[PDB]
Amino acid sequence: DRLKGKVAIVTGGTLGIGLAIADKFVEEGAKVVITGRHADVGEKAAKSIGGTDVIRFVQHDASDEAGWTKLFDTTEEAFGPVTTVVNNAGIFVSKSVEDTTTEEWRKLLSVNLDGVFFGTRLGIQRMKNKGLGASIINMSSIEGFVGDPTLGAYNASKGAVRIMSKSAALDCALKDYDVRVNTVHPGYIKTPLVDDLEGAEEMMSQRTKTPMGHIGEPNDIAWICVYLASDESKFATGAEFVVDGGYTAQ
């Protein structure tokens, strides 16, 4: 029981990485609310992990600012005060900066940046000063460290999350809020997105990309998140945790 007593919100927790985070959190004794845009998918994902005594689904788009309040209230009414927020929801656009439409730019940033801001801001307000050993875990990427010529807007969003989380981490530390803020940086992981992009896994598995020569699995990200959520990581804040098969080491 490494997350005994923890109560977590995992955005985009109905598929891939987010689903695995939710799975392993529940396994380690946390109570979890997962969010998603699709109710049928979301309800099924929750039940695949456990009963309503340990996990619940809430239909929510991370860019829905007002919905964030409903998300915290619903999670609190179900499991008690929230202790853990994982801002994992996000979308992918494959365009160069040159080729990015303004509509694409705005759409992606509204989820990947504004959504994380909404979750972090409200997270700090609701969890500070309550002695919860609170932890906000913001999902960046290797794309928050290095550029990719075909991921301009994605790059922008992940670099923004990377540094904005440090700001939040320092404010919470300096004010003795008992809230930690950290970023996780996955490399290429086998997810529904990757499976659906023809040729993606093949390009990602090249040694010039991922030195291990294969892409990761959603559990690879889940376990580092269990670490950051647990009181094991009580001295870790404002830091970057990279799980990428060596992508950024070369």
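Start at 1 and count along the sequence shown; that's the residue number.
Annotation for 160 to 168 versus 126 to 134: the higher mean temperature factor (C-alpha) is found in 126 to 134. For the two regions 116 to 124 and 69 to 77, the entry's Cα B-factors average higher over 69 to 77.
Across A222, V181, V184, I55, the greatest Cα temperature factor reported in the deposited entry is at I55. Comparing the listed residues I34, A39, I189, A30, the entry records the largest Cα B-factor for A39. Among all modelled residues in its chain, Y154 ranks in the lowest third by Cα B-factor. Annotation for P211: CA B-factor lies in the lowest third of the chain's modelled residues. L228: CA B factor lies in the lowest third for its chain, per the PDB record. When the modelled residues of the chain are ordered by their C-alpha B factor, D64 lands in the middle third. Per the PDB record, residue ranking by Cα B-factor puts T83 in the highest third of the chain.
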